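Peer 1:
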Amino acid sequence: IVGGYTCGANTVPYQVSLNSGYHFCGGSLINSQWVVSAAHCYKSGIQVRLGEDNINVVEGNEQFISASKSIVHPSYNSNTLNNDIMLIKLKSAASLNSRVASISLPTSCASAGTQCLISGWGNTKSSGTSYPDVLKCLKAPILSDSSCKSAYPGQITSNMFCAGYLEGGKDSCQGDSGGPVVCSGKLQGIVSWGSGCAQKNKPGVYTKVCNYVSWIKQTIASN
Ligand SMILES: [Ca+2]
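For the sequence shown, the residue numbers in mature numbering (1 follows the signal peptide of the UniProt record, and there is no 0) are 7 to 229.
(1) Closest to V106 by C-alpha separation, out of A204, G175 and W40, would be which residue?
(2) Which complete alpha helix (DSSP H) runs does the region 16 to 96 hold, if anything under 4 residues is left out?
(3) Classify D151 as helix, strand or coil using the three-state DSSP reduction.
(4) Assess contact between the region 107 to 121 and the region 212 to 228, defined as three or more Cβ pairs (one per stretch) separated by less than 8 Å. Is contact present?
(5) Should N103 be listed as close to ligand 1, given that the test is whether its C-beta is under 6 Å from any heavy atom?
(6) Report yes if the C-beta distance between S34 and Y20 is below 7 Å; otherwise report no.
(7) Touch check for the region 112 to 128 and the region 178 to 188: three-plus C-beta pairs under 8 Å?
(8) Can you list, in chain order, the residues of its chain with a C-beta nearer than 6 Å to that of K206? Leave out the 5 residues immediately preceding and following it.
(9) For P209, which of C189, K155 and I94 has the nearest alpha-carbon?
(10) As a quick exercise: from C115, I148, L144 and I77, pick the residue whose alpha carbon is nearest that of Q224.
(11) DSSP puts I196 in a beta bridge; with which residues?
(12) Quick check on the burial criterion: 16 or more other C-beta atoms within 10 angstroms. Buried or exposed for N229?
(13) What does a CB cutoff of less than 7 Å around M92 pick up in its chain, not counting 5 residues either side in sequence?
(14) Which residue's Cα is closest to the Cα of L193: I7, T120 and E68?
(15) Output needed for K142: all residues of its chain with C-beta closer than 6 Å, excluding positions within five of it in sequence on either side, in chain order.
(16) In angstroms, rounded to a whole number, what distance separates the CA positions of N67 and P159?
Following this line, the structure appears as structure tokens:
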């Protein structure tokens, strides 16, 4: 997260870190057994880390649970990043509490201008690199589809939205991938892609979760 703020420990209780020896992606807890992340975060050997603030220090509220199964969206295209969504099932149920909690799925799509919370352990610099240990946060609005399409000609599908600031300075970045965009208590986006980070006229692009709720529910119901 570039241009954000320190969230505060366990203030984003649905935020997960995906670990394969190291943090490599975020995700969102949507019930005691399932995480939603980006398909471009797929790999084998995932351990889900819940209850994290400092990802390099055991602070007392963590739950580390290995993934049993990952399900990349049937129609994910890694070239275009269309349908950039994946579900991860935990080998055992998390113990839900005030610091480890699910986030609700949307019941309808969000509109341009809606204020959302974007979070993660990604790079905090727009030029150069610095990786935080504690969770970072950014409040950002959803941008109109027309401004999104204008920013990225030929690249924005009906399964994507832009959020952030066209002036630049404030954005998600490498290592935030797969993490949440939450708006009024609903998971509306997943950190997906962009051109660099926090660049003028290049806002972050996010998977449009509301299009996937039926797939998520039916996948959970049979897995
Ligand atoms: Ca920790």
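Note that the Cβ used here is the ideal one computed from N, Cα and C, for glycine as well.
Peer 2: Let me lay it out:
(1) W40
(2) none
(3) helix
(4) yes
(5) no
(6) yes
(7) yes
(8) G174
(9) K155
(10) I77
(11) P186 and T213
(12) exposed
(13) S43, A44, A45, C47, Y48, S76, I77, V78 and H79
(14) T120
(15) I7 and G10
(16) 44 Å
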